[PDB]
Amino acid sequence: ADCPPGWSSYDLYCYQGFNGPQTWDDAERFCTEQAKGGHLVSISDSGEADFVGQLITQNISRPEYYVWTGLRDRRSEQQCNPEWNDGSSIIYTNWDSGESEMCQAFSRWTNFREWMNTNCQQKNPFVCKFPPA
């Protein structure tokens, strides 16, 4: 492993949890500027999920339920469902602040092993990931 100080190694990649809190977009931007090719962490298998889970518990002591993943729906609209019950397109919406939940986070009640979608503008801790060179 050649991960720089502060970063932890796992299967050809480097990881580091950051006690934020930051929004999803600010966390992702923070990750790209912390190392070349950095992003919010991605999960490809259960082993990587277990490593990131324990990494969060040992390096992030936050009272939040959520730690940001790199997964989200990228659209500008505030929900996914394209149609009402009657088939008409969903266009006009009036979500109370916090009700639009298009970004995925690790959830504490699953020991940060599974995901839950929450408000992209909510500020949470996060985990960055980048391939070392």
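So that there is no doubt, residue numbering starts at 1 and follows the sequence shown.
- Relative to its counterpart among 4-12 and 123-131, 4-12 has the higher mean temperature factor, C-alpha atoms as listed in the PDB entry.
- Relative to one another, 54-62 and 77-85 have unequal mean CA B-factors, and 54-62 is the one with the higher figure.
- Among 34, 107, 94, 69, the highest C-alpha B-factor in the deposited entry belongs to 34.
- When the CA B factors of the chain's modelled residues are split into thirds, the value for residue 19 lands in the highest one.
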